[PDB]
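In what follows, a structure is listed as structure tokens, so that the remarks can point back to it.
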Amino acid sequence: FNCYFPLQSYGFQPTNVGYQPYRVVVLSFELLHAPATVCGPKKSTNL
Amino acid sequence: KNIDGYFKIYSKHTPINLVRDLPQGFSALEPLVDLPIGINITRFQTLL
Ligand SMILES: *[C@@H]1O[C@H](CO)[C@@H](O)[C@H](O)[C@H]1NC(C)=O
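First to last, the protein sequences are chains W and S.
With full-length UniProt numbering applied, the first sequence covers 486 to 501, 503 to 533.
Take full-length UniProt numbering: the final residue in the second sequence is number 242, and no numbers are missing along the way.
What follows is the structure, encoded as structure tokens:
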């Protein structure tokens with residue numbers, strides 16, 4: 486009805503500078519007190 | 195057991211010829227692998 490579909494298919498197509507779609511990624515880090523599951527690379531050195 | 199979020203599993207496989215009770219000897223259960231689970235434990239049961 487008047488209150489209509491709030492979703493809409495994006496205006497891109499295999500045919501479709504401001505209208506260029508950009509991809510985005512985020513690594514949501516849960517900083518709560520918990521066991522470590524993701525840590526950085528510790529580049530070892532020669533002995 | 196689980197402490198500070200890291201599950202510590204200990205195991206030991208040794209032979210014995212006795213069926214009455216626990217035999218004489220000493221054995222230290224070795225933690226083979228650490229598991230980061232972080233779960234509370236107050237109850238448990240055996241699945242047979
Ligand atoms: C462990 O107990 C605490 C007590 O407040 C609770 O907040 C937590 O959710 C419990 N852990 C799990 C995995 O439910």
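We treat Cβ as the ideally placed atom computed from N, Cα and C, and that holds for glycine.
- Straight-line spacing of the CA atoms in S:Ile231 and S:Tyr200 works out to 6 Å.
- The beta-carbon distance between S:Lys202 and S:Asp228, rounded to whole angstroms, is 6 Å. This is short enough to meet the 8 Å contact definition.
- Under the three-state reduction of DSSP, S:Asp228 is assigned to strand.
- About 6 Å separates the Cβ atoms of W:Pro507 and W:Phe497, confirming a contact at the 8 Å cut-off.
- Across the structure, W:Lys528 and S:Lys206 are spaced so that their CA atoms are roughly 33 Å apart.
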